[PDB]
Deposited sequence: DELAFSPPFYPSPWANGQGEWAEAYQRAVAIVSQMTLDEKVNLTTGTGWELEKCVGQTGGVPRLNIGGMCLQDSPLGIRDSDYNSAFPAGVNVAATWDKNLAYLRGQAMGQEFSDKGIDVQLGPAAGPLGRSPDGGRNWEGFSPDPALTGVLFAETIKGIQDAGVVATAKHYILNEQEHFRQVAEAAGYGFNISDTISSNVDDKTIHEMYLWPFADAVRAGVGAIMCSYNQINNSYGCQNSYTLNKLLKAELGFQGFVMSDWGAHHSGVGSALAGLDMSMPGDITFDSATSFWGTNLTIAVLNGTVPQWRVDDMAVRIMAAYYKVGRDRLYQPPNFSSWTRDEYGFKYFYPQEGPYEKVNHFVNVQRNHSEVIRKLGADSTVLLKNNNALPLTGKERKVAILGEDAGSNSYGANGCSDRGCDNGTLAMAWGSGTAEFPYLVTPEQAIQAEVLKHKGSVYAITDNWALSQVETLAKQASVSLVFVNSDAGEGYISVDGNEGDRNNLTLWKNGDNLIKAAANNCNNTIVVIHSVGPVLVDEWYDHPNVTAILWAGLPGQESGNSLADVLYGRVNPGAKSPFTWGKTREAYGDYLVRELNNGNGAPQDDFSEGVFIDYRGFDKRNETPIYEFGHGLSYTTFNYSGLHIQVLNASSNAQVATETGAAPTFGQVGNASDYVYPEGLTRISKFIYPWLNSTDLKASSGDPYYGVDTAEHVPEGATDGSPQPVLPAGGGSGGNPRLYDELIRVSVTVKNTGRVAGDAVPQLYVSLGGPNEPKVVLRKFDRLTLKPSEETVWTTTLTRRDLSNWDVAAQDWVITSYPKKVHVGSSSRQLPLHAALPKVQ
């Protein structure tokens, strides 16, 4: 059984880089705080006790309001008068840094204006190991370089708007099956612990950890650790991922919160590097906590050192000052639990004053513009035989497929989007937001036809094949809509328990396209989905003249598409994952059966780095549409590749500091004038009897055997070779090579090119190409521009497990530039650099 080696102590914050001023202020405020106050910062107040999906008590004596933590990565969850943005996989499909930033900023403004302090997103974990993982859509791309840049830009947009961003889920939560014990039980599986991702050190550094290093370096405030185990140690108490990888190596200065229900111990978690417990209780409304009271006590009895709790407090306050949250503070002006204007203050037990719980604040501004633009710029044109753009002069237009029409229960009529009815604009689970409205393809395309006085109908029942065939025959174009859904594991739709059971079109989609293609010589397929689908039985049909994948566009879905279909937007999106011929061609199977008796299922990542296009490439498999593939209504030419070699840190930390003082147990007893709200989690002790007021069956049992070596060691520590900066040693960020290429629009209309830069790092076990750089360039017909990027030392390195460091190996390296991972007409050998 895979094992996770200890790494202690839990590194302490130091004001590194961009964090200096936030840290000074955090120190100055935490210095003034009592122990119970500090504890208050670390622990949620209990499932559905206050307004937000997570919420802490704050420090009322020092005028620090409770921190409000709300889902989701694509807009405010469980609220009203908010926008629904396209999903993160759409962001990835844009290959546009600027759009990722703008979406981050639009979300941040909305979260801010609801009195939300922390957004539970963006996501980069799951990275995308398996094309059927239920949550890949919440993230970006199975590619680390593309994912990391867009993750980082999204984080910066949110944080520049004055809300803490939360990089989640850290780390290796690559599937939904067996991610939680009670969740597996509800599906009839009996497991004593959650699935264990077992991964080698090289793989983790070069893939799953890489976007987290980008997030840390961009200044991310928070990280959320995951439900799964890593080598059979839970994500939210894994000292190797948390103390070693994230805090010592990556030099992470903010706080680590648990996923909801991912907290599995008081002492172990605190010493293994967790900073905040969400939603606060052990299970929802258990009125017990691994922290709160238990953590106050653990400091009082000598088990957790004051410096560790003080560091939790400093990291939490530092994230808060760093984004300027204190300057924007206001209590949450909505409730996640009800839409009622008035209600009891403490939702779950229905206690506290009866008062205004919703203000109905309209936070949307004009954000439908970025959503519409982004949806259009993420529409991948996979196939186009001179079919598109449409002109408006088409005489009779057939809109075919349920995915074009309305959800008959209303756009929000399935709780957490837990169905696949009508057009698919948002997948399911916690990564969701209430739509203010949803513009369907049916509405948008019908309005466009009628504006030109054409004829148009929508058929939206995918088994009405007789009416489909009859209409297809009469039409000048058939626009066929199809989808494939997925989502978080707590919701099952049609027996799909988060993870998709297959990669086939839902609701008869393949039969629908065939019914149409057999009758219109101009059949145009639109796919909405969470990731790749099997297109093998119809993509090469002579009557399927164009194919688009539009992802999950959010609220303006139909207008984003019309913009693309009718040429207002020249599509420039690129596939951010691989379209293979079969499920088998992707390998990386999901663990769907118990393979460790009734223990934790074991998920061995035995492919190593060979996921998505790296795997297709290794196996010599030819994708239908490759990573980086996307067409345009113009043409681009790449020429003139040139390479230019360019001219291009403490060894110990300080001792761990403590701020403020700890007093007697009697100081932290429940205050006499306070009504204790039922299920509410507090930092207080029933009496000075520590053991009895812990109520912990294991209190003082074999304590020292359960505290790992080094776990309480507050003395100076060595700086890891790969650490000592933000997102790693700052040398990794030295720019070693400049690359330049000329890109020309050789066609008849303006459009965006997406130049892509791959390297071959060389060596018997490396992928043949891996993406390193990209940009999205707007070019007029005949226009030329010189695209210039740089490669960093990290970009040219591999993880050396013996050195514990990034090393540029002695194998000769090459650069490749072109339009996709398989369309690389330019190549150049790289000279030795170190």
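- Can you list the gaps, in order, where the deposited sequence has no modelled residues? Model skips 1-2, 651-655 of the deposited chain.
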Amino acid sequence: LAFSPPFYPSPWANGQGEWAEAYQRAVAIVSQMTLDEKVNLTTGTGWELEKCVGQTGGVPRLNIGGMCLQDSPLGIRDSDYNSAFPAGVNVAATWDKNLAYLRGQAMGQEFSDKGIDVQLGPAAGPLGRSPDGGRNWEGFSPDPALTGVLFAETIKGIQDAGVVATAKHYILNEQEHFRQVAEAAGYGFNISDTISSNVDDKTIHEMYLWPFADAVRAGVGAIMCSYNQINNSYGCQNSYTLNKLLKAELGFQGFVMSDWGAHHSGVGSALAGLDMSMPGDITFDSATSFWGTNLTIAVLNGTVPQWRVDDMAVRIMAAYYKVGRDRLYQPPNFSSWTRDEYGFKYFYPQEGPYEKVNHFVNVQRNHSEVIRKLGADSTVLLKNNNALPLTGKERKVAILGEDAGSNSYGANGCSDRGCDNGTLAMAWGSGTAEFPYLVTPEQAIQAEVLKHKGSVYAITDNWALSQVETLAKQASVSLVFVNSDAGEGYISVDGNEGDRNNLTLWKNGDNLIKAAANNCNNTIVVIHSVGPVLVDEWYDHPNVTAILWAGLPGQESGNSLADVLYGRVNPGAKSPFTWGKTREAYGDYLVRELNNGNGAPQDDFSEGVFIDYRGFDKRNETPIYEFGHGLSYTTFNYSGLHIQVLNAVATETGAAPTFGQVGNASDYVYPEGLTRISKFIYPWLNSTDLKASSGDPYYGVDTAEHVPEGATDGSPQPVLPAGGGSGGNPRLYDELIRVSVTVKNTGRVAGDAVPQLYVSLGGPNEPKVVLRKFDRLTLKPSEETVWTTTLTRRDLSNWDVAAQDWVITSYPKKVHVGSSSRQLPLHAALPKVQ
From here on, numbers count along this sequence of modelled residues.
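- Task: Note whether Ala650 lacks coordinates in a third or more of the other compared entries that model its flanking residues.
- Result: Across the other compared entries, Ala650 is absent from none.
- Query: Per the PDB record, is the mean Cα temperature factor higher over 297-305 or over 409-417?
  - Reply: Averaged over C-alpha atoms, the B-factors run higher in 297-305.
- Message: Tell me which stretch has the larger mean Cα B-factor in this entry, 187-195 or 467-475.
- Response: Per the PDB record, 187-195.
- Message: By the CA temperature factor listed in this entry, which of these ranks top: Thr658, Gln159, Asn173, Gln364?
- Response: Among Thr658, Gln159, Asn173, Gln364, the highest C-alpha B-factor in the entry belongs to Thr658.
- Message: I'd like to know which of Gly630, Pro441, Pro708, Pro436 has the highest C-alpha temperature factor in the PDB entry.
- Response: Checking the PDB record, the top C-alpha B-factor among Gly630, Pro441, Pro708, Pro436 is at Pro708.
- Message: Splitting the chain's C-alpha B-factors into thirds, which one does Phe636 fall into?
- Response: Middle third.
- Message: Sorting by Cα B-factor within the chain, modelled residues only, which third would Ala287 end up in: lowest, middle or highest?
- Response: For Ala287, whose C-alpha B-factor we compare with every modelled residue in the chain, the answer is the highest third.
- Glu607 - which third its CA temperature factor falls in, relative to the rest of the chain: According to the entry, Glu607 has a C-alpha B-factor in the chain's middle third.
- Message: Split into thirds by Cα B-factor across the chain's modelled residues, where does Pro389 land: lowest, middle or highest?
- Response: It falls in the bottom third of the chain.
- Query: Considering only modelled residues of the same chain, in which third does the CA B-factor of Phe577 rank: lowest, middle or highest?
  - Reply: It belongs to the lowest third of the chain when residues are ordered by C-alpha B-factor.
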